[PDB]
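Inspection log for the structure reproduced underneath, given as C-alpha cells.
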2 protein chains.
Amino acid sequence: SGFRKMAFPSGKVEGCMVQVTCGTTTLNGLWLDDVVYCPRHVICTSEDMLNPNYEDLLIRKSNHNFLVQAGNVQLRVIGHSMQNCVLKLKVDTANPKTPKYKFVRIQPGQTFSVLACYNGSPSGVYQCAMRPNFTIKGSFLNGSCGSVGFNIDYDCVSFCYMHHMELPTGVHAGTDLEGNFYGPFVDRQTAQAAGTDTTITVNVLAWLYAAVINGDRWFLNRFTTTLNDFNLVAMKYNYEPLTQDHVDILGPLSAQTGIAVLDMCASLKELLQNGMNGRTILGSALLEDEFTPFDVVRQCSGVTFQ
Amino acid sequence: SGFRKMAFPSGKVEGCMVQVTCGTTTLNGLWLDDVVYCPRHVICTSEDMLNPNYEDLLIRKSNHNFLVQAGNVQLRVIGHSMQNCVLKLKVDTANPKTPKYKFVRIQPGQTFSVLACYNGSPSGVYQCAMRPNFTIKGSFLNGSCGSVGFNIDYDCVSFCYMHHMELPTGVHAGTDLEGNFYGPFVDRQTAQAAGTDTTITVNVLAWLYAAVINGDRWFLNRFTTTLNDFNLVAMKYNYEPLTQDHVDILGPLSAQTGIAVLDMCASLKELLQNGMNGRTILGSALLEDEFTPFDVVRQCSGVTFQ
Ligand SMILES: *C(=N)[C@H](C[C@@H]1CCNC1=O)NC(=O)[C@@H]1[C@@H]2[C@H](CN1C(=O)[C@@H](NC(=O)C(F)(F)F)C(C)(C)C)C2(C)C
Ligand SMILES: *C(=N)[C@H](C[C@@H]1CCNC1=O)NC(=O)[C@@H]1[C@@H]2[C@H](CN1C(=O)[C@@H](NC(=O)C(F)(F)F)C(C)(C)C)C2(C)C
C-alpha cells in the first residue's frame, strides 16, 4: 500500500548526459550513439537573446567551437547540424552506455520523468505531466536547459522532452527530441504567455481509483451519471471533457475495483460541486491530475524496468 | 523557478540491486563489493511469519540455498551471516558497479530517496522523510522488501534505509543497513502500531522559505515571536518543538531571503491559528513537512552529484 508521485529510475538517462559549451554558454546535452543533442541556444550570447538568428549564428561556428564533455572527458565534435530548435553534434565516439531508445512526441495529459541537470551532471529526478496548455510544472534554474524528460517501457527509454525555457508564473516549456516545441512557444526572450490551463479529468479519475485501491473510499456516492451530464459539470469547473477513449483507458482500473467509470464520474461531480469539506484523499486536500491510468496501474501492480 | 518533490538520481543504486531467493521467497538485495545485503525474512516461509526464529531458520540453510541473481546472472554465494535483521551474503564476485558509499543511520525529520524494486529490478524512485514516529510514508507492495533508501553527497551514496514491512494505515518500517530497525518495530507478523506522528516544524519553515524564493509571499505577516511562544502554539497543533539547532540550520535560507527565522515563525503561527482560507502555497493546500532546509537549498541552487 501507499501512493506516491513516482519517477522512473534515472540510470539509463544519467548515462547519456553531457555538458556542451559554446563560447561562454554551458548547458546540457544528450549523447546517444555518436550524436549529442542539445538546445540550439547554446550558441547564443546574453546579447543574442531577444531576437536571435540561429541559422546565422550557427554558420559562424565550426565543429571545434563546441566543447563537449562527458564527465571528465572531452568528446571531439566532427559534425554539426540544426533540426528545428535543437542541435545535433556528431562526435567521434559512440556512447557505450547508450540504452535502447526512441524519440516520441507525447500528448497533453501524459506524464514523464525529468532528470534535472546542471553542467552535464544530474541534480534530481521528478515526475511531471504535459499540461493541456503545453507547459510543464517543473523545477528548473539557469543552466538546466538540455535536461530531458522520458518514459521507460521495459528496457526502452522513450525520450519525449528537452527543456528550453521558463514562462511567467514559473511554468516550463520545451521541445521534443526533434526540436519541435510543445505549444505555441519560440526560443527567444520575448513576451510569451501560456494559454489558460485545464485539469486533466481522466487523470483525476485514475487517481480516485488509486484512492479506492488504497482504502480511501469516503467520497464514493450512490449515484451514476451520463457522460454528457458529467461533461457539463466538468466544463464549469475548468476540467477537460471526458472522451469515450478516456473511458476505455480507465477500463482496467474500473474492472479491478468493480466501480463503473460513470459511477466514479458521479462521485467526482459531487466533489466538484460540494468540495471536500476539509477532508483529504490519499493525503491530498486538492484533486490530483498528474497520474495517468497507466501510472496508477504501474505503481499499484509493481511494474519494473529492465 | 518552480519547486517539486525531487528525488536523487538513482543510477548508482540501480547498479547495486539484485534478487535473492531462498526456497520460495524472493526479495531484493543490495550488492556492494562482494557482499549482498537483504532482509532476513527471505528465509521465511508464509508459515514462519507470526513468530519466526530467525537464528534457527538460518542454521539450516547453507550457502547454496540462496539463489542470488544480478540481472541475468547468478552470483555464487560463498558465505552468509546475520547482523540484526539483515543477512549478509558473501559472493564470489565483487560488484564492478559499486559506488563510493557509506551506511548511515538517519534521524527523524531527515529525508531520503527510495528506489522501489521488485525481483531485483527497479520500479520507481521517490522522496520520503523519516517521520518522527519512525515510519515512512512510502509506496510498497509484496516483494518490495530489500528496496533501499539513500542520499547522495557528490559521488558518495549514503544508504540509510532497507525496507521490511508495512504498518496499519499504509505506512512503512525498516532498518538501517546494519539491520537495526528505525522505531520500536520487529520483523514479525504481529500486532504492531506506529506511535502518534508529529509534523516536522523545521521542514515546514524550510518550505515556507522555498515559497518566498519562488515569489509565493502572501502569508508573510508583519510580526515576530519568541521561540518559546512559538513552541507553545506548535505544541497545540501537533508540531514538534523548534530547537535552537533547527534555528541555526535555517540560517542559510534566512540570510538568503532576509527573513529572520523568528519572523517566519510568526507567519507560521498565523497559518496554524487561522488556516489558509482556501489559498495555496507552492500549489499545496496543506503545509508540507518533507523538505529539509538542505533539500530546499539544494533544489533552489542546482546542486549536482558526480
Ligand atoms: C536554460 N538553461 C534556461 C532555463 C530557464 C532559466 C530560468 N528557469 C529556466 O527554465 N533557459 C532560458 O534562459 C531561456 C532561453 C532565452 C530565455 N529563456 C527563458 O527561459 C526566459 N523566458 C522567456 O523568454 C519566456 F517567458 F518567453 F519563456 C526567462 C525570462 C530567462 C525565464 C531562450 C533562448 C528562450
Ligand atoms: C516485503 N516484501 C513485504 C512488504 C510489505 C507487503 C505489503 N506492503 C509492504 O511493504 N513485507 C512483509 O510482508 C512483512 C514481513 C512479515 C509481514 N510483513 C508485513 O509487512 C505485515 N505487517 C506487519 O506485520 C506489521 F503491521 F506488524 F508491520 C503485513 C500485514 C503483511 C503488511 C515480516 C517478516 C514482518
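No value in this document is a laboratory result; all are computed from the given coordinates. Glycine also receives a Cβ, built like all others from the backbone with ideal geometry; neighbour counts cover every protein chain displayed.
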In units of 2.2 N^0.38 Å, the Cα radius of gyration of the stretch A:135-174 is 1.28
Report the relative contact order of chain B, percent, no decimals, based on alpha-carbon pairs under 8 angstrom and at least 6 residues apart.
17 percent
Mean-square fluctuation maximum in Gaussian network of chain B, Cα pairs under 10 Å, restricted to B:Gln273, B:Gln107, B:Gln19, hits B:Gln273
Relative to the compact-globule scaling 2.2 N^0.38 Å, provide the ratio for the alpha-carbon radius of gyration of the stretch B:1-110.
1.22
Just flag the chymotrypsin sites (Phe, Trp or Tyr not before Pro) in the stretch A:152-261 sitting in loop per DSSP whose Cβ has no more than 13 other Cβ atoms within 10 Å.
A:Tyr154, A:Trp218, A:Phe223
With +1 assigned to the C-beta of every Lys and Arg and -1 to the C-beta of every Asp and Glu, and no other charges, what is the dipole magnitude of the stretch B:1-47 about the Cα centre in debye, to the nearest 20?
340 debye
Give me the distance in nm between label points sitting 7 Å out from Cα along the Cα-to-Cβ direction at B:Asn142 and A:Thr169, one decimal.
4.5 nm
Rounded to whole angstroms and listed largest first, the alpha-carbon spread of the stretch B:78-119 along its three principal axes comes to 39, 26, 24
Filter on B:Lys102/B:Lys269; A:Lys12/A:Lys269; A:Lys88/B:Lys102; B:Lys5/B:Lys100 - keep pairs with C-alpha separation over 32 Å
B:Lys102/B:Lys269; A:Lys12/A:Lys269; A:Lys88/B:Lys102
How far is the Cα center of the stretch A:37-54 from the Cα center of the stretch B:284-306, in Å?
30 Å
Computed D for the stretch A:243-306, Stokes-Einstein, Kirkwood radius over alpha-carbon pairs, 37 °C, 0.692 mPa s, to the nearest µm² per second, is 244 µm²/s
Gyration tensor (Cα) of the stretch A:137-251, equivalent ellipsoid semi-axes in angstrom:
33, 19, 14
Using alpha carbon centers only, the stretch B:133-159 is separated from the stretch A:81-129 by a whole-angstrom value of 26 Å
To the nearest 20 debye, what is the magnitude of the charge dipole of the protein assembly as shown about its Cα centre, counting +1 on the Cβ of each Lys and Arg and -1 on the Cβ of each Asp and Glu?
380 debye
Filtering trypsin sites (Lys or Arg not before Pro) in the stretch B:204-306 by DSSP loop and by at most 16 other Cβ atoms within 10 Å leaves B:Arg217, B:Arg222, B:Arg279
Total charge of the residues flanking A:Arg4 in space, meaning their Cβ is under 10 Å from its Cβ, with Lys and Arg +1 and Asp and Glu -1, is +3
Indicate the gyration tensor shape class of the stretch A:57-159 (rounded, prolate or oblate), computed on the Cα atoms with a ≥ b ≥ c the square roots of the eigenvalues: a/c under 1.5 is rounded; otherwise a/b larger than b/c is prolate and the rest oblate.
prolate
Residue span A:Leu58 to A:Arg105: 0.36 nm per residue of separation minus Cα-Cα distance leaves a gain in nm of 14.3 nm
Can you figure out the FRET efficiency of B:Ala193 with A:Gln83, using R₀ = 60 Å and their beta-carbon distance, to the nearest 0.05?
0.55
Take the alpha-carbon positions of the protein assembly as shown, form their convex hull, and give its projected area averaged over all directions (one quarter of the hull surface) in nm².
28.4 nm²
In whole percent, the Cα-Cα distances of the stretch A:185-240 spread across 5 Å bins from 0 upward as 4, 14, 16, 19, 16, 9, 8, 6, 5, 4, 0
Compute the distribution of all C-alpha to C-alpha distances in the stretch B:37-94, in bins of 5 Å from 0, and list the percent of pairs in each, rounded to whole numbers.
4, 17, 30, 25, 14, 7, 3, 0
Counting pairs of Cα atoms in chain A, how many percent are more than 35 Å apart?
28 percent
P(r) of the stretch B:207-282 over all Cα-Cα pairs, binned every 10 Å from zero, in whole percent:
19, 54, 27, 0
Net charge contributed by nearby residues that have their C-beta within less than 12 Å of B:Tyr54 (K/R +1, D/E -1):
0
Please report the orientation-averaged projected area of the stretch B:112-152, defined via the convex hull of its C-alpha atoms, in nm².
3.0 nm²
What share of Cα pairs, in percent, lie more than 14 angstrom apart in the stretch A:161-220?
67 percent
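Regarding the stretch B:76-218, what is the average projected area of its C-alpha convex hull, in nm²?
Its average projected convex-hull area is 10.9 nm².
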Tell me the distances, shortest first, between A:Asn277 and the same position across the other copies, using label points 7 Å along Cα→Cβ, in nm to one decimal.
2.4
So what's the stretch B:173-306 giving for Cα Rg divided by 2.2 N^0.38 Å, two decimals?
1.20
Cβ-Cβ cut-off under 11 Å around A:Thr225, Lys and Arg +1, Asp and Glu -1: the net charge is -2
Spin-label model distance (nm) - A:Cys156 vs B:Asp155, 7 Å beyond Cα toward Cβ
3.5 nm
